[PDB]
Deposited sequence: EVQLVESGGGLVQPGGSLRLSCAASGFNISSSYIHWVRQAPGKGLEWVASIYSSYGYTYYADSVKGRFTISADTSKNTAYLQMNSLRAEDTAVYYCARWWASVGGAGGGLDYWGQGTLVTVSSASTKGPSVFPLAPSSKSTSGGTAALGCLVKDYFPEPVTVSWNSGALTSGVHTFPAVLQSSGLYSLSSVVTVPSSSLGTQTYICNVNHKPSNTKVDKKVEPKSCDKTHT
């Protein structure tokens, strides 16, 4: 298994510095190029940097020329991206990726990626969310009943919601967070079920907010 795991992001104030790590397994990072690709919220892909660790050859983009530096420790098989003088336009999800090459030299592409890591550049403060149950109702409309959870008043992104620790998946709809008038984020995550099923199986939503170290498992119930 070729695997790449990012780490080291989160909230950082403007003008700050942050070092992201990309731990690689299943291959030696000296074998290939290692790339950093960033994506602003609701925008397109943008190449940040690339490194050949074995020979130490660096390659950057003009947007991050003087501030961003890409390092690599083969002892740890880990790439690093240190970012200085961070502006608000640096707010993005940062992926690390491996470049594979056509054996001939035709050109190749990024075959394996990481999960990405959100880097928010903002003077605002981290705040944990509050989780409230959106309880099922008397209504039955098509014989359908919805329940859910409301994660409210949190900074920054992201939070992750699952239902019964990922066991419950069908009928789930988790909505994108929306910036409130408060300057804080808040979202909902609902699940549809048959009305007769309400008395049988239990429903728990797991809310996770790592910038605040908030882990809540809230049980939703009728009435």
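Peer 1: Need the unmodelled segments of the deposited chain, numbered from 1, in order.
Peer 2: Sequence ranges with no C-alpha atoms are 142, 225 to 231.
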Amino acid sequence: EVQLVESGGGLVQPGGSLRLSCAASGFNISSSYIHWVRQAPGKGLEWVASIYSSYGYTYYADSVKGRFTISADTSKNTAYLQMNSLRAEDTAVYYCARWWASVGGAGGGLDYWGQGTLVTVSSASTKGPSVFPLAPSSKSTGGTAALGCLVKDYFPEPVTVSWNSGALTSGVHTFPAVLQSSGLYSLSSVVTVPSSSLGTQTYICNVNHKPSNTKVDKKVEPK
From here on, numbers count along this sequence of modelled residues.
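Peer 1: Per the entry, where is the mean C-alpha temperature factor higher: 157 to 165 or 194 to 202?
Peer 2: Comparing 157 to 165 with 194 to 202, the higher mean C-alpha B-factor belongs to 194 to 202.
Peer 1: Would you tell me which stretch averages the higher CA B-factor in the PDB entry, 51 to 59 or 182 to 190?
Peer 2: Comparing 51 to 59 with 182 to 190, the higher average CA B-factor belongs to 51 to 59.
Peer 1: For the listed residues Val64, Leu45, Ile34, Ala177, which one has the largest C-alpha B-factor as given in the deposited model?
Peer 2: Result of the comparison over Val64, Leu45, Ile34, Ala177: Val64.
Peer 1: If you check the C-alpha B-factor for each of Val103, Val93, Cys96, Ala146 in the entry, which is highest?
Peer 2: The C-alpha B-factor peaks, among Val103, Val93, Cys96, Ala146, at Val103.
Peer 1: Sorting the chain's modelled residues by C-alpha B-factor, tell me whether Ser125 ends up in the lowest, middle or highest third.
Peer 2: Middle third of the chain for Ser125's C-alpha B-factor.
Peer 1: Taking only the Cα B-factors deposited for this chain, tell me whether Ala88 sits in the lowest, middle or highest third.
Peer 2: As the PDB entry reports it, the C-alpha B-factor of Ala88 lands in the highest third of its chain.
Peer 1: Relative to the other modelled residues in the chain, which third contains the C-alpha temperature factor of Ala72: lowest, middle or highest?
Peer 2: Highest third, going by the recorded CA B-factors of the chain.
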